[PDB]
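Participant:
Protein chains in written order, with the working numbering: chain E, 102 to 176; chain Y, 10 to 44.
1. Would you report the Cα separation of residue 141/E and residue 119/E, rounded to the nearest angstrom?
2. Compare the C-alpha of residue 146/E against each of 130/E, 113/E, 115/E and 103/E and name the closest.
3. For a contact meaning CB atoms closer than 8 Å, what does residue 174/E contact in chain Y?
4. Output, in chain order, the set of chain Y residues within a Cβ distance shorter than 9 Å of residue 131/E.
5. What is the DSSP secondary structure of residue 29/Y, counted as helix, strand or coil?
6. Figure out for me which residue from 111/E, 104/E, 171/E and 157/E has the closest Cα to the Cα of residue 137/E.
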């Protein structure tokens, strides 16, 4: 695997099915209920952020890093 | 420029407070059966 590959998998999941939300905490992507059966559940924050950074570079995501509400929006 | 709204960030502040409580809830669930 690679962070960009993890990126490909996460973005696939946001689009295919779980399409109500555009805004996700980093925690719920890896430890939430809706993603429990996905290949990226349990993925560490560090690698998740690098996955999301590759997505952000392709304009598919914008990361929110403020401590009062960390997470990511997908486009 | 940013494509994230004040509304988007407001969801996230609440979803974060939810998340941290969920982490403690899971820890309790685990302990309830531990004994």
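Using N, Cα and C, we set each Cβ at its ideal position, and we do this for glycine too.
Facilitator: So, to answer that:
1. Their backbone Cα atoms lie some 14 Å apart in a straight line.
2. The alpha carbon of residue 146/E has as its nearest neighbour, out of 130/E, 113/E, 115/E and 103/E, the alpha carbon of 130/E.
3. Correct list: 12, 13 and 17.
4. Here the premise fails: no neighbours, minimum Cβ distance about 11 Å.
5. In the three-state reduction of the DSSP assignment, residue 29/Y falls in the helix class.
6. For residue 137/E, the nearest C-alpha among the options comes from 111/E.
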